[PDB]
Protein chains: 2
Amino acid sequence: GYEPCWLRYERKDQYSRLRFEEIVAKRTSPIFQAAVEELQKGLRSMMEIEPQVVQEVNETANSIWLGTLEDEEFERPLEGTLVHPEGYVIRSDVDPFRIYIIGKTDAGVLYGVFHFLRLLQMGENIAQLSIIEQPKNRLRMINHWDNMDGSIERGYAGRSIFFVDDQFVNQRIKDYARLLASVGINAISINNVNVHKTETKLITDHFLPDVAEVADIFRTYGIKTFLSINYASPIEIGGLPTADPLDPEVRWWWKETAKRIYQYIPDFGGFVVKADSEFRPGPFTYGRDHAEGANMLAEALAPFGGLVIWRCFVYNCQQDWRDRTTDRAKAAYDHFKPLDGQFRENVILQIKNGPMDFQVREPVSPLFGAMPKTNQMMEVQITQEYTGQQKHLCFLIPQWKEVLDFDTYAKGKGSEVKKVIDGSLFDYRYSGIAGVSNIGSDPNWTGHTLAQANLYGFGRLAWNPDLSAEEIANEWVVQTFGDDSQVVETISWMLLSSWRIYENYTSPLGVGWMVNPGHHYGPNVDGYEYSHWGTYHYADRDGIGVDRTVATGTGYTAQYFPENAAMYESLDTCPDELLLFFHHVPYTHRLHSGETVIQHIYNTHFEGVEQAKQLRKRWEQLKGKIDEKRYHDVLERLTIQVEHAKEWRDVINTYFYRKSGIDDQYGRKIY
Amino acid sequence: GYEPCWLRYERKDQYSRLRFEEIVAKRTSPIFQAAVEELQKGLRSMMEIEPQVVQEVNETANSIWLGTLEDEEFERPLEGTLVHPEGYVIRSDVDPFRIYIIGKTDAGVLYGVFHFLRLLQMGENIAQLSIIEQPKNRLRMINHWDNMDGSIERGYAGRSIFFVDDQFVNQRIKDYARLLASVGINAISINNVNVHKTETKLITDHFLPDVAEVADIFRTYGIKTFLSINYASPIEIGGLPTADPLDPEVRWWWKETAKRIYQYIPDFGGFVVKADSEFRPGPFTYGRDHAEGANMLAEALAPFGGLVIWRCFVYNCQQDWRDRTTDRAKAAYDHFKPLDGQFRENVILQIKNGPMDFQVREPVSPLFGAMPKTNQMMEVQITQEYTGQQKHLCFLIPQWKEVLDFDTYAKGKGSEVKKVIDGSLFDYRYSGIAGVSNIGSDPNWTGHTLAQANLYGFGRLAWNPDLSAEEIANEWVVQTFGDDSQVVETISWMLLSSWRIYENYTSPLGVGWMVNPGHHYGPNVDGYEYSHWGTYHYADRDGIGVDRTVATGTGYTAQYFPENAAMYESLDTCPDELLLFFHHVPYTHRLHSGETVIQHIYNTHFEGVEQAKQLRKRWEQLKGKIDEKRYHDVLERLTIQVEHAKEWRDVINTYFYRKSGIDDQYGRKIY
Ligand SMILES: O[C@@H]1[C@@H](O)[C@H](O[C@@H]2CO[C@@H](O)[C@H](O)[C@H]2O)OC[C@H]1O
Ligand SMILES: O[C@@H]1[C@@H](O)[C@H](O[C@@H]2CO[C@@H](O)[C@H](O)[C@H]2O)OC[C@H]1O
Ligand SMILES: CO[C@H]1[C@H](O)[C@@H](O)[C@H](O)O[C@@H]1C(=O)O
Ligand SMILES: CO[C@H]1[C@H](O)[C@@H](O)[C@H](O)O[C@@H]1C(=O)O
């Protein structure tokens, strides 16, 4: 019913086989069993071999050995340097052929088996392996925005694979868990952060048996299960008159709820919480702050080892567009930075990559680096809400690396975002990264076949943010489409270029938005320009942009450390790609590229469509080297992309010609 | 549970009573029974009397006599001049006191009883009555946009009173039928013109018993029942492979469906049809035209006397905004005028008042007067979709009179729209007017208490388009709020001024729209400006407006007869209130009022809010003269109106300052 994605395990030719007779499985835990089963599956599919699974080595057999450090006869120095529980070593014996996959814990053996299979899919020579791998981020999580009626909020890839008709739908969940574990993902929240009436009951006896069955499957693949919760649950399901976190009976209700969940799911991860945001209830309803609110839940989960993931996407969703001094981009920092040092140690603040809302380009959220005493994790959006909704191609890995590599200068040079969220800069006990899932029930999982690369690459970056976009794309393409060099170079080029192409024909120079309200797909320059969501570009007949300077604007630049604040504050040094996020400028202002702002708009919108046409041409040149079904699936979306790009180009160019009166330098067609 | 609206029948003081001992009911048909019951109800409530109902006069009793012409002992010349079946005479005997209510048919007696009760509510002296009344429009209809899940499309007054949970909900239906008959309405379609899956079954045995029960109630009040139909019903419910009107089995399926309905509802009115509009299926799907499509249904209903009401709201709902030669306003005329003479005699084309879509101001649809061989009826929208959604006050009767009194010049001077749709200009056998219902389950029926005046006034104009807005408002206010002269002058002033006030702060000079997409409430100047619905204003930094001239534009003016075409074609003679519907003009163009177009925009938006504030002030001055519940219901909406008017003012003024760069002449506050 559905694609294997990158775990194709395509049969090798006769010149690319391996000789093994046994798999030595030193443990029989559910994770070890999963790891053995995956190894058997990949070796049968790729190599046409069926080695016997044994618990003790045969010293004359060719073997793959699976074990932790304490299972080793001799513990050699490389695996001796492992410190992270999920780390592993893979090494070929240099003496029969033996591969040792040595994990610090059972999950390290599982990740090591997926790495060894990845090497095989990629055609690597395994005769002399010596590999050590340890993840950089402790939490590597997926958030689902699935509802129990089967819809998915901002889902562009079909219906929920978890829920239908206000109930739970499992073989597809197992295959999903395999995909997640193959790229190291170790945590999942299964339900929408906007928790509606049925979903509120996921923390009650009526649904916990079902939650536990799903948690059982994920546990076997090293994945902890979380639920998103309704902060007002003590009222809605617990029959209490209030949800105030300082009310003693509320506090007790949450403690009892925690105890009940852990009876069904003894390793339950904890709660994801959207509170006091977009009309979802929270501590503010009772005049409480978010440390009081998060700490109350944290205290309920603490005896059991659970975490509270408290989202920082908090802002005034009833902003007056007339009020130019109120800045939504400042809201998260202003709410949370004063609370540093007030949170319990099992609270993690989860902060989106940018301060507004997953736009095609945003600067980095100032909260990263600003709270040395509070755990932080970053949230990115794998589902392409503002980045083309899986109709347009948009490989998000280059954007995420720009965010991860941004130096906050919080402790001087070398204070990159990735060091904040991996916990090393400030010694966070719990931290990491989360991604909003792009999957659904479509047979290709992600709507656009090539959007499988975004789920893959999310997991790779969460494991090691220092991996290049180039090598992630290479890994993904080879595993998914094979090793023909034209196919690999072409699809890698398509992926690596796609975000810039989509940006070119959507909103200019960092200002964001210019999307249709509601569904958020397609061009509408004034879509939210007189609305109450704080998302304005202030275009008039003379110029455009948000003045976020301290000197004359909202003062948002001051939320950065001095080196970045100065860069953005000055009109002359602010990078072109963010100019209109930080400055209000005339259409005739000249950018670092030499272009005026208005001619930049025309250039990128005309040229963006030409680039989209080239994406499609380059894919067509692969006909015959890709199976027809995926060839045509992708070609259909690239054609949709080209036609919609023309709409983006002409709507934006006409809007700005109608406002600026300045023609295209080159005389190209503006309606 | 709900208000009596204008049928209050408030108790009279002791100096305003009537003496009657008997009601002579010469017939005992269900309509006569309804008429007697209403008379008994009004006389008991107003006069505290309970006359006995008898079938033969007592020559010494004071009496009200009810009968048709053939029941008269002596037929005097006035009732002798009646020709319309629903006409009646009311006259006091000039000899005991006797009032004769003499109808041409039983429905004329019912309308005559409601008129006599109206005179009593209004305090008129009935000692020497001599009244004759005959309706001008043969069809005086209400269209419901109710769905069977209980929602109402564009309903601002609560949920359906007919349906809930995909079934039928009747005492409220009886009281609704009384309100409709009191203002002469004689036809109703009970379900949305967009016929969804459950509603398609209203023409099948599963729901016809329920339809018949509702039809039974309306019949007693002289009202014929219609259903809206899904043109693709032969596929969806009849298991046929096509819905092509020329397919013989389709034709037969509709004939059998007609025969089945008439077995349950022997006087069934017929079908309302939305076809080939906004993605609803129709004859075009099979390459057929609308005469072929309407005539097929007409032939099915003809043996039974049914009518096909075929809506002309047909246009390209996939228009390219770049294409300035395609004009949605021309679509209905271009589709239907070439079909004149091709329709069966029981088809009526139902045409909205304007060629676009119920905007606050539109010019009159050119189809009126253009089809001398095809029955026409006009559709107006009582529910205030673009006229404030019953949050803002908007008494629509002045607008409807402008449309009704518009001279088309089709047969020279004196070819008013009202003469087209009353059938007199062209001798139409079936014609009239229909209004989209503004009611729902709210206890005050219409959402805004004062919107009851729009339902009342619709029925009054449908009976006699020559009634003044002033006298309709006077009738409505006295019956609903009493005869205190301050209350009557104030609420009449509020009503009569309200449409112009709402127009003043919404879209300028006839161009329409500037509303939020989707729900259509509140300001959004570019809301649909780059959309596919054909609703563009073309505002740029120099000017605004649609060029609909023959000389340089879309040529829409040529759809009018020469006198009107010339008026609109010339920039100098086009009325200011429609200028931007017909011309694209610079912001500095001077109107007949002396204002530039841009300063006109500022003036009416600032002053419109001041006028809304005055509506509220004048209502507040009535405290103590209105019951507190309706006082506060209305005051709450007027406060909502004032605050929303400020939003309309500032959004439009800021948009046009940002585009034009021209400041307000008077220095008032533009953000
Ligand atoms: O971040 C904000 C989004 O959460 C918001 O989402 C909208 C909420 O109201 C709904 O009815 C809309 O359909 C949904 O799109 O959009 C604006 C953005 O600022
Ligand atoms: O006349 C047109 C309306 O019928 C149209 O209605 C919209 C149809 O699509 C829906 O999803 C929207 O919610 C609804 O408002 O609006 C545009 C107008 O030109
Ligand atoms: C779950 O709500 C989402 C919302 O649909 C989406 O439009 C916005 O981008 O992000 C919100 C969030 O991050 O909470
Ligand atoms: C029933 O559809 C309606 C639609 O909701 C409304 O937005 C438009 O004004 O008029 C359509 C019509 O008249 O058919």
Side-chain angles (χ1 to χ4, degrees), chain A residues 143-147 151-155 189 191-196 228 272-280 311-315 317 350-354 356-359 379-381 383-387 434 436 512-513 515-521 528 533 535, chain B residues 143-147 151-155 189 191-196 228 272-280 311-319 328 331 350-359 362 379-381 383-387 434 436 512-513 515-521 527-528 531-536:
Chain A
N143 297 152
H144 276 260
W145 286 1
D146 300 37
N147 296 310
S151 67
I152 299 168
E153 184 158 354
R154 313 307 176 173
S189 52
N191 61 308
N192 194 355
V193 296
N194 291 331
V195 183
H196 305 306
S228 298
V272 178
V273 185
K274 176 174 184 179
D276 291 325
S277 180
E278 303 184 331
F279 311 108
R280 313 311 288 173
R311 295 185 82 233
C312 293
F313 179 63
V314 181
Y315 67 96
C317 62
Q350 173 159 303
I351 296 150
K352 294 185 176 188
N353 51 270
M356 290 291 293
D357 181 20
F358 298 139
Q359 299 300 298
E379 182 181 336
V380 297
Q381 197 185 38
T383 187
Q384 285 165 225
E385 180 178 1
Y386 301 101
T387 50
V436 180
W513 310 95
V515 295
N516 282 304
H519 56 252
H520 293 162
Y521 185 71
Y528 279 123
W533 300 98
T535 58
Chain B
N143 297 152
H144 276 260
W145 286 1
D146 300 37
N147 296 310
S151 67
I152 299 168
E153 184 158 354
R154 313 307 176 173
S189 52
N191 61 308
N192 194 355
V193 296
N194 291 331
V195 183
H196 305 306
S228 298
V272 178
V273 185
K274 176 174 184 179
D276 291 325
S277 180
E278 303 184 331
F279 311 108
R280 313 311 288 173
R311 295 185 82 233
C312 293
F313 179 63
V314 181
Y315 67 96
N316 183 354
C317 62
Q318 308 182 275
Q319 189 179 334
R328 174 171 171 179
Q350 173 159 303
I351 296 150
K352 294 185 176 188
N353 51 270
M356 290 291 293
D357 181 20
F358 298 139
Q359 299 300 298
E362 295 184 13
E379 182 181 336
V380 297
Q381 197 185 38
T383 187
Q384 285 165 225
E385 180 178 1
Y386 301 101
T387 50
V436 180
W513 310 95
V515 295
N516 282 304
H519 56 252
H520 293 162
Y521 185 71
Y528 279 123
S531 196
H532 55 91
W533 300 98
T535 58
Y536 316 118

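Whatever order the structure lists ligands and atoms in, that order sets their numbers, starting from 1. Chain letters run A, B, ... following the sequence lines, proteins first, then strands; residues in each count from 1.
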Give the residue and atom name of whichever protein heavy atom lies nearest to [atom], and the separation in Å to one decimal.
{"atom": "atom 1 (O) of ligand 2", "result": "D357(B) OD2, 2.8 Å"}
{"atom": "atom 19 (O) of ligand 2", "result": "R328(B) NH1, 2.8 Å"}
{"atom": "atom 8 (C) of ligand 2", "result": "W533(B) CH2, 3.6 Å"}
{"atom": "atom 7 (O) of ligand 3", "result": "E385(A) OE2, 2.6 Å"}
{"atom": "atom 5 (C) of ligand 2", "result": "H520(B) CE1, 4.0 Å"}
{"atom": "atom 4 (C) of ligand 4", "result": "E153(B) OE2, 3.7 Å"}
{"atom": "atom 1 (C) of ligand 3", "result": "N194(A) ND2, 3.3 Å"}
{"atom": "atom 12 (C) of ligand 2", "result": "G518(B) CA, 4.1 Å"}
{"atom": "atom 8 (C) of ligand 4", "result": "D357(B) OD2, 3.3 Å"}
{"atom": "atom 14 (O) of ligand 3", "result": "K274(A) NZ, 2.8 Å"}

Q.
Any non-hydrogen side-chain atom of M356(A) less than 4.5 Å from a side-chain atom of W513(A)?
A. yes
Closer than 3.5 angstrom, by distance alone: can the side chain of [X] be matched with the main-chain N or O of [Y] as a donor-acceptor pair?
{"X": "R280(B)", "Y": "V195(B)", "answer": "yes"}
{"X": "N516(B)", "Y": "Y521(B)", "answer": "yes"}
{"X": "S228(B)", "Y": "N191(B)", "answer": "yes"}
{"X": "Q359(B)", "Y": "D357(B)", "answer": "yes"}

Close-contact set for ligand 2 against [X] heavy atoms, below 4.0 Å:
{"X": "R154(B)", "answer": "6 (O), 7 (C), 14 (C), 15 (O)"}
{"X": "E278(B)", "answer": "1 (O), 2 (C), 3 (C), 4 (O)"}
{"X": "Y528(B)", "answer": "15 (O), 16 (O), 17 (C)"}
{"X": "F313(B)", "answer": "1 (O)"}
{"X": "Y315(B)", "answer": "1 (O), 2 (C)"}

**Q.** Heavy-atom proximity to atom 10 (O) of ligand 3, best of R154(A), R280(A), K352(A), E278(A)
**A.** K352(A)
Q) Hey, does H519(B) sit under 4.0 Å from ligand 2 if you only count heavy atoms? A) no
Q.
Checking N143(A) now: which residues fulfil side-chain hydrogen bond (donor to acceptor under 3.5 Å, both in side chains) with it, not counting sequence neighbours?
A. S189(A), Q350(A)
Q) Below 3.5 angstrom, do we get any N/O pair linking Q381(B) and ligand 4? A) no
(Q) What I want to know is whether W145(B) and ligand 4 share at least one N or O pair that is separated by under 3.5 angstrom. (A) no
Q.
Minimum heavy-atom separation for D276(A) and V314(A), please, with both atom names.
A. O-CG1, 3.6 Å
**Q.** Nearest non-hydrogen partners of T387(B) and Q384(B), listed with the distance
**A.** O-NE2, 2.9 Å
Q. Atom CD of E153(A) and atom NE2 of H144(A): how far apart are they, to the nearest 0.5 Å?
A. 14.5 Å
Q | Verdict with reasoning, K352(B) to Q381(B), per side-chain contact (heavy atoms from CB on, under 4.5 Å) | A | CA-CA 8 Å; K352(B) 294 185 176 188; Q381(B) 197 185 38; 6.0 Å; no
(Q) I'd like to know if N192(B) contacts ligand 4, where contact means a heavy-atom distance under 4.0 Å to any ligand atom. (A) yes
Q: Mind running side-chain contact (heavy atoms from CB on, under 4.5 Å) on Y536(B) and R328(B) for me, showing each step along the way?
A: CA-CA 10 Å; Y536(B) 316 118; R328(B) 174 171 171 179; over 6 Å; no
Q.
Tell me whether the rings of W533(A) and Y315(A) are parallel (<30°), tilted (30 to 60°) or perpendicular (>60°).
A. tilted
Q) Which class fits the ring pair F358(A) and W145(A): parallel under 30°, tilted 30 to 60°, perpendicular over 60°? A) tilted
Q.
Test of understanding: given a 4.0 Å heavy-atom threshold, classify the contact between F358(B) and ligand 2 as side chain, backbone, both, or neither.
A. neither
Q: May I ask you to list the atoms of ligand 3 that are less than 4.0 angstrom from any heavy atom of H520(A)?
A: 7 (O)
